[PDB]
Amino acid sequence: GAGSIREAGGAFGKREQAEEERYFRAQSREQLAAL
Amino acid sequence: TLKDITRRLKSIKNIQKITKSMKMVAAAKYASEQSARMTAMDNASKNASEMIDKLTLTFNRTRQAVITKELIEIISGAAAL
Amino acid sequence: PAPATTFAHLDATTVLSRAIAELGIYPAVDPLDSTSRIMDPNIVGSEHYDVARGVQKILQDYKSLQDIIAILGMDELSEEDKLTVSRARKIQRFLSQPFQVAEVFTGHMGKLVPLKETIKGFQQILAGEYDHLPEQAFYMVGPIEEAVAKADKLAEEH
Amino acid sequence: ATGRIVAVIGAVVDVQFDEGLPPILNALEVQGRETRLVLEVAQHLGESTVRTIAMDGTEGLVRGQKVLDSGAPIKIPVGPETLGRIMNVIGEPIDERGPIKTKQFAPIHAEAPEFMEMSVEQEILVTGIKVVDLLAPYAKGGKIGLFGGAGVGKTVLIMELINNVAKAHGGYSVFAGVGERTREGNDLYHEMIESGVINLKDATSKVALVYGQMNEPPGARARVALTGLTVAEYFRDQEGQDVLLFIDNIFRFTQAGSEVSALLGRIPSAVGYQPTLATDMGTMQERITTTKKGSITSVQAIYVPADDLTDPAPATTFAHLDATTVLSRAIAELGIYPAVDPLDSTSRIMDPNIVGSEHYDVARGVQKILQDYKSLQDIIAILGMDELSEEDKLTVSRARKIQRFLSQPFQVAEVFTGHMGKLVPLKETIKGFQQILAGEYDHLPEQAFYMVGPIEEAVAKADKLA
Amino acid sequence: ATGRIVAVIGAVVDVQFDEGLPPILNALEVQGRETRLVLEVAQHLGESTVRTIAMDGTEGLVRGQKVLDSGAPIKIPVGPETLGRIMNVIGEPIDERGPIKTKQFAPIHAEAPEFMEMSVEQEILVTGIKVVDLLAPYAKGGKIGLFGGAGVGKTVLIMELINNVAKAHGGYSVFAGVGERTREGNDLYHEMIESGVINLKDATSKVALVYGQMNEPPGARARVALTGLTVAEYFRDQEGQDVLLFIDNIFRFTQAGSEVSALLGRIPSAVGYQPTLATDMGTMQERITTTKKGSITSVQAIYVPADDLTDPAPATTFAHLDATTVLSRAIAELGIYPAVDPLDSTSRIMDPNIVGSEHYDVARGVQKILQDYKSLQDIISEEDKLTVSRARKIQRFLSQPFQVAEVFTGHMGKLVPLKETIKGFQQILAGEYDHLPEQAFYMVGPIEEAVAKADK
Amino acid sequence: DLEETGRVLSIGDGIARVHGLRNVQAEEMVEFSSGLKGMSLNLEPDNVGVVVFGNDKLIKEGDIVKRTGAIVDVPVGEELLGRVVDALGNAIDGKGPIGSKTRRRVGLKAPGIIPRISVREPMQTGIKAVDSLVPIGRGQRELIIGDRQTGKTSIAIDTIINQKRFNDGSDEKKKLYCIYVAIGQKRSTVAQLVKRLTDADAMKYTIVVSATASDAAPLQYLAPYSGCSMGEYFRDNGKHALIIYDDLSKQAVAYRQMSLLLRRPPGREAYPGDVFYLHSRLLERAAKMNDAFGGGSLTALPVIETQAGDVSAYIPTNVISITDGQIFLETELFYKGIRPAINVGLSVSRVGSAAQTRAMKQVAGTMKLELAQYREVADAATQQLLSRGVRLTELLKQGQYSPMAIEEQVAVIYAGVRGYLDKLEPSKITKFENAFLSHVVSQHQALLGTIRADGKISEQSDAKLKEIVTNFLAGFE
Amino acid sequence: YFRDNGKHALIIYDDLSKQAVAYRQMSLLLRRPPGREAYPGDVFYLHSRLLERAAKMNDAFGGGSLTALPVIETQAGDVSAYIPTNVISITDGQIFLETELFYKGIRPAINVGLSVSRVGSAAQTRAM
Amino acid sequence: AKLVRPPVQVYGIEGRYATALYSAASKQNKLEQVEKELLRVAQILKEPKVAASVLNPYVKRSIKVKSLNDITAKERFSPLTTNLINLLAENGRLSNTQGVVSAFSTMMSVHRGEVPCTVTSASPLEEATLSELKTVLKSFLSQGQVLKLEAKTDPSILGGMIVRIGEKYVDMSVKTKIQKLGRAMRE
Ligand SMILES: Nc1ncnc2c1ncn2[C@@H]1O[C@H](COP(=O)(O)OP(=O)(O)OP(=O)(O)O)[C@@H](O)[C@H]1O
Ligand SMILES: Nc1ncnc2c1ncn2[C@@H]1O[C@H](COP(=O)(O)OP(=O)(O)O)[C@@H](O)[C@H]1O
Ligand SMILES: [Mg+2]
Ligand SMILES: [Mg+2]
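Chains as they are written, first to last, in the entry's author numbering: chain J, 11 to 45; chain G, 2 to 32, 223 to 272; chain D, 323 to 480; chain F, 12 to 477; chain E, 12 to 391, 400 to 475; chain B, 24 to 401, 411 to 509; chain A, 256 to 383; chain O, 2 to 188.
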């Protein structure tokens, strides 16, 4: 049950996806501008 | 659905373990916000184990019902011969 | 019973996942559920085997960290673990590929990546040689030179 | 045509006719019985043998006993003389007030109205219940179905609808008790007498009563809904009247079918149900309709077995209804009464062109905010209330206020709560929910909305608490 | 009467009798076989045919083969000469020590005792084991569900119960290995031989073994419990004893009944068990009771399928259990023997109206102090340390050395009386031993031994 | 003679196929040569299917079956009072034959709509929680539902014991004759129960019908209907009977066995389709009759055992849709020491509220309201609500085999709801209660007697109660 | 043959799930009454009489032995299926393998928490 | 009531009615008479008008059993045969009648000890070797049996002869011989 929380869907898997996308769109912005 | 219930059980057991470990870390760091975090994660683990117990009851009911439904399908198909 | 019985008649199963197709990654091959009987170091060479096992291990670790990310969020992760998650997302995108038959579905052109280019690109992502490039640079590219060119263009635009 | 019994298995009886085999659905009278034992023909088995379903108990039946063919299906008296009377499945009076002296008898088996006899008009039917009026309004001439498990409030709700709609009704009304409690029938009869709706002294009664309750064998429980239909169909077709038809419980109809399907020798379908479940239900339900010769508003209580809403019987009933009120045990255990599930009850006049854009928008906004709260439930349940946004917290606050405001004290439920029952007009309902949605009561405690009528009683209760 | 085999389908055999059908549950001996094959009649099919379940394998059976009606159910030898032996479901010796020479045989199918033969009052069966006697006592004539399997000393507990009942109450024991693995059956036989419970040289054995192995057809494993119960019933009714009956496993009894019912063509019930699940369990369990002559108390190893306590087999067994004894591995890791979990073991007679006000108060105090101790372990004030100390002492004092282990540990075996148990825990609770060290209560008998050990 | 005699064609699965009996009626008792009896279930063109009331071991192919000419009936009358009989009305207590001169069919239909009237008279259980919060009237069907070992049988036995104060009196319209039907229980449990009732002197007005765990499934399926006929004898002759079915889960299991062995299609949880009708036709016979029919009643207390507290299962829901309310016994409350473990927020009595005595209403309306507020709460007003709820909860606990007269329950609930216990700490409430009761029983018999005679607390009696509770709470610890 | 003649054999049934499936086919086609998952009533008897033949003989019988290593494929890790339940009930222990452990790099992917050997240390050299 | 079971068993409806009639006839020692009467009643049964009236499914069973009753009274049958025909007509198994008949027939086929045994050959062999096999085979029999030979000729065996003596079966054909030699050649 390693990805059990996001393979289940629901609030704890959708909020996880949103948090990951937020962090990495931030990092992709601060990685592209530094190119 | 048995697969829905299994997915949800797995998810919530994972949430329970994570909150339990966060509580232990907070009770270590507690040696005002750290005590608040300790109690918050303790209550989260309590609620998670509560939900796990309810979902385990539901899971057992559903798997017993699935076994019986399949048996009844097989028996009804065999009695038509 | 039908797929489960079929499994034992095959030499190299490719298992397509809906959880992967909904990420937008195509082909939707499940990396942690696909198998091949020639995924043997004495057959594909120790470099190929080691790269494959490293990819599978970082994807399993990403799975294991996603629960912790769901509860504690991303900012409270270790630095090694943020690095794991970054390289894992990059590897996920890089397993994606534009198909010549899906040119209507994607609008993209078809790419046919040679074997050594695949091993080399994934080894370079696992090594950290592309920590500075964004993750959308690896989505739907062929060899890794295309990932580099796409990063340069995505920057030159914005 | 005289036949003889050759087999008796529970409620199913095989009868062997030498001359004159009777058609399917005919009624046959068994000879040598103290009370009238009627068998309805279900199947021709060949070899001049028919299989039949008994309308009463088959104890004491012997192989070789004689059976006469009536020549027609079960015939019940229909007319204004059935008003204020109680009849059983075969039309006998069971109130000891003597025979029912109608001028005509109808067979309880008839074809449903044609496609060209249908009516399309859709006036709203205001009940005085806030959740029904707002979210899933009933329609005049429509089919209403009250779903719910055991002890969630189907009978309280159907008695509140009898209180709110049937009392002030212009036309006639028929109540068919199908497989329910006999003491509930006694309660309803004496409550309709003491309210004057049934008048034992003249011809001023406005309600007919048909009863085959849970003590009756499965054949009677399978045909008593048809008997009630037949009375209502007479009042619709042969008098053009606007009829109210209350059925409680319609599920039992289906259930009784199951009990005989085994003995009729049919391969079972899913959950051990008759293979003919949907066709039997449709054959019954298409007679419960409005035509252009008269209107029938039908309120049917539908039992949901083991709270399973996907059970074949309720799942098949869903497609026959114009408006559905789905009661929930989870909502009942929170103390919200009626236990209507706001995110599961629907209606077909919930269309802005029918209810007006104001009503439509208020109902849609209430359902949206309740759905948002339902989405947040998981996060609230594990991590608690503190981890939500202030927008999420505001939507939770409003959603819980709207939840409690959907509850309402019933006039028929005073006796086991003491609280006076409230009857809320439609404009008051739209207004109060509009105001809770706009944010005009974000300061009142959420328990001030619980078990009140209009919004002014909510403000008064909030005052009284402080 | 003699019939002939007319059908052989697996372990189901149809036998046709030209005259005098045998009643249902009668035993039929198939003739012309190298080893004894017994069939138990299950139905009368009509046309002078009976359907039977086979007690052994049916390979090499021929249609038309002669079969002899025995005129009774399966009869087994009952008596003292069964003690220390091993027999199978049909009463044959399987330990290779010759014929079991009793004077009386008994049918394995008998009715439960009549309503007027029941003892109207519940009483305690004193085992001499402290944790059992105190916290979850055994009712004389009751059913005890033994939970916990391997690595917690279940066999040492079984042998200690056999020994303690033989010494204190003067009653023998029967052990029915229903669905017994042959490896573990051999192991248990030799463990009982070494611990002295079985004695191959003189007539002082205390237990009679009845084995139905896993490689036997479902009918054999279904009736082996009734065979053991028939031996126990002899010892109760004819000797007037207080017998123990061990049934390991009871879930295997249910599974054998399920397989037999499925082979006989019956429609399975819910989950998958036989439609006669409750009456199978009932006609077996109702025979384990207290009559006016003696009693049979039954300890029954419980297995819970899929760890679902609402499963039909556990849920049908739990309706009959008068006590529950949970052997925990967490308690064994603490060195405490027996590994009886003191908070999870339950008893229905733990009731001031049955055990007395004093016994009940002592047991409730012990339980509350152990709950309090684990509550304090959760976070690790003034008297919290005093409860921690007294609960450590209570824990250590529940332990006890068993006689059947003397050849291993060397220590002497303690059979604590019930009054001594109550008084020791009473005194520990009232604070009378807050000066002795906590290691003075480990592996002693009465409390006098704890004070004499603290003297050291 | 193939008209009053048959020869067993086949036997097995509990059902005997019998050839002959061309004159047998449907549902008629037949008798085998082995002394066993059976019910003619399926009359077929070539054979009769007979449900055997006993073990198949006793019937062989070729055995002769005579017919009794009588549809299945049991003996009824007052000659059964004090006797322990089996599902067929045969004595099993060893005290000789039942001297009954009346028999009654077990499968009679319930009284219709007109013979009844609404339930008005109280059926006193003697349990504070029940009589105050979940009142039961004579003619009601109240379900006792709960897990295993939560106290259901204890509630039923306390009711039976409680009826002794009324059955010794001189008011015949206040007496209640009790029937206890044991269905699939241990036989030792039933023997211990009969002794418990004999010690309390409660057997002289009790009939015990016993079909235990080792009895055939048809006997356990039949025992409730035999007991119900024994109680209908009182309901139809102007008297009042109570009947406990302990329990109907086991009768449902026995009927499912009989149906699966007859090869009838299984449904939810492999139960037959007519497992609802099984219980509905039985519990409809508990009724209150109007004065044109005698005015007698039959109160039913069906017991249902749930698994892991699931009351949304098939058989629990069925019986909830049949009865007039339920008493939920919770395992969580039982393990915490709250006994009776009644869940007062889920336990309901639909028709019994109109049967409560006036004094009990006077104190119990307030008690219900305050326990409700306590349930909603869990400042200085909410802490007062917590204090009051805790005190009332401690006041609702009760011992075993000691039911209380209604006036004493009124006095104790009075002391609790008027507020006299609010400064006592909760762990003493129970103690106080006993003490208080003892005092009111010895020195104040006249106040109790006048509250019993009035049925209400007069303001004179209210003043006496106030005086007594203040004077006692003063000189208390 | 080896077990009886003083020698030692090991047998690996790879795997018993497929043998159960074959036996179920034969039984269903012979019209034998089906049970749970359509398996006949004596599928437990099948595997148990196969597996009780792996024994250790005493020196009076030559001292030989037969060790059985049956293999069972579970579906989605469901050890509560019918045939896994039966064979777990019959055997003396289990070596459980996980796919998550496999892809974590733990290979052989043995789950040590779930694996068990009820023989245990009696089957180990003193060094191990 | 104890039965007299025949030496060979037939199963089904045919077997049950034939066994019932064999048992009834052996109690009264009327077996040969009942045999001749069933032969005659079956040949009556095959009458086209009678077959058309007896197989008809919409004819009431009352008129049909009366017809069989009078048409058996026109023959002056034994009470056993009359009761058999009425039992078959009353139960509606008249369609099985000839089957039943032949069953009883084949039952007494072994009662006379007549052992059926067929000799398949390649080409029709002449009567000299046939009487030779007559005599050498009736050595294969127990007390008091007589042969029923049916010499069949299929040349696909191209030699030898396959002899089926009751249920015994010897394969003296040359095809099996050469195939056995060939299998020894390859294996
Ligand atoms: N009010 C009470 N006070 C104290 N103890 C009680 C009380 N009620 C029950 N008990 C105890 O609980 C024990 C078991 O409860 P009881 O047998 O009466 O209920 P049950 O639900 O019918 O159990 P079962 O599952 O055996 O049918 C009783 O023996 C009794 O000791
Ligand atoms: N509107 C209500 N107000 C208060 N209580 C209610 C209400 N509806 C139902 N209940 C409670 O739920 C119980 C079940 O009522 P009922 O309608 O008879 O159940 P069912 O759904 O089986 O017909 C009622 O006795 C009552 O206690
Ligand atoms: Mg209702
Ligand atoms: Mg009980």
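For each residue, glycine too, the CB sits at the ideal point set by N, CA and C.
Determine the direct distance from the alpha carbon of O:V60 to that of O:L40, and round the result to whole angstroms.
-> Roughly 26 Å separates the two Cα atoms.
Kindly examine ligand 4 and report whether one of its heavy atoms sits closer than 6 Å to the Cβ of F:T300.
-> Between ligand 4 and F:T300, a heavy atom-to-CB distance of less than 6 Å is absent.
Just the Cα atoms here: how many angstroms apart are B:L220 and B:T229?
-> Each residue's Cα considered, the two are about 9 Å apart.
Output the boundary residues of the beta strand (DSSP E) element that contains E:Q382.
-> Note, E:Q382: premise wrong, no beta strand (DSSP E); alpha helix (DSSP H) at 368-390.
Given that B:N65 touches chain F, what residues does it touch there, using C-beta distances under 7 Å?
-> Within chain F, the C-beta atoms nearer than 7 Å to that of B:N65 come from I20, in chain order.
In whole angstroms, what separates the C-alpha of E:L32 from that of E:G293?
-> One alpha carbon belongs to E:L32, the other to E:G293, and they sit about 28 Å apart.
Who pairs with B:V73 in a beta bridge, going by DSSP?
-> DSSP output for B:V73 lists B:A39, B:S63 as bridge partner(s).
Using a Cβ-Cβ cut-off of 7 Å, state whether F:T294 counts as contacting chain B.
-> Answer no: the Cβ-Cβ gap between F:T294 and chain B never drops below 7 Å.
Since G:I16 meets chain D, which of its residues come closer than 9 Å, beta carbon to beta carbon?
-> For G:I16, the residues of chain D that pass the 9 Å Cβ criterion are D389, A392, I393, in the order they occur in the chain.
Got a sec, what are the start and stop residues for the beta strand (DSSP E) F:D319 sits in?
-> DSSP places F:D319 outside any beta strand (DSSP E), giving it a letter other than H or E.
Exposure label - B:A93; buried when at least 16 CB within 10 Å = Classification for B:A93: exposed.
With a Cβ-Cβ cutoff of 7 Å, do B:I136 and B:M146 count as a contact?
-> At the C-beta level, B:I136 and B:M146 stay beyond 7 Å of one another.
Is J:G20 close to chain F, meaning its C-beta is less than 7 Å from at least one C-beta of that chain?
-> Yes, J:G20 counts as interfacial toward chain F.
Identity of the residue in F:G75, F:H331, F:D355, F:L145 nearest F:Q27 by Cα | Among F:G75, F:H331, F:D355, F:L145, the Cα nearest to that of F:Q27 belongs to F:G75.
Helix, strand or coil for A:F316, going by three-state DSSP, please let me know.
-> In this structure, DSSP gives A:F316 a helical state, which the three-state scheme calls helix.
Given a cut-off of 7 Å, decide if F:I85 and F:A22 are closer than it, judged by their beta-carbon atoms.
-> Contact: no.
Roughly how many whole angstroms lie between the Cα atoms of E:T46 and E:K77?
-> Their backbone Cα atoms lie some 15 Å apart in a straight line.
Measure the alpha-carbon distance for F:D322 versus F:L288 and round it to whole angstroms.
-> Their Cα atoms are separated by approximately 12 Å.
Please check the pair B:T482 and B:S493, which I expect to be a contact at CB under 8 Å, by giving their CB distance rounded to whole angstroms.
-> 6 Å between Cβ atoms; contact.
Is it buried or exposed for E:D253, if we count other Cβ within 10 angstroms and need 16 for buried?
-> Result: buried.
Which of the three DSSP states, helix, strand or coil, is assigned to E:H180?
-> Under the three-state reduction of DSSP output, E:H180 falls in the coil class, being neither helix nor strand.
Between the Cα of B:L66 and the Cα atoms of F:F116, F:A18, F:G207, F:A187, which residue gives the shortest distance?
-> Measuring from the Cα of B:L66, the nearest candidate turns out to be F:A18.
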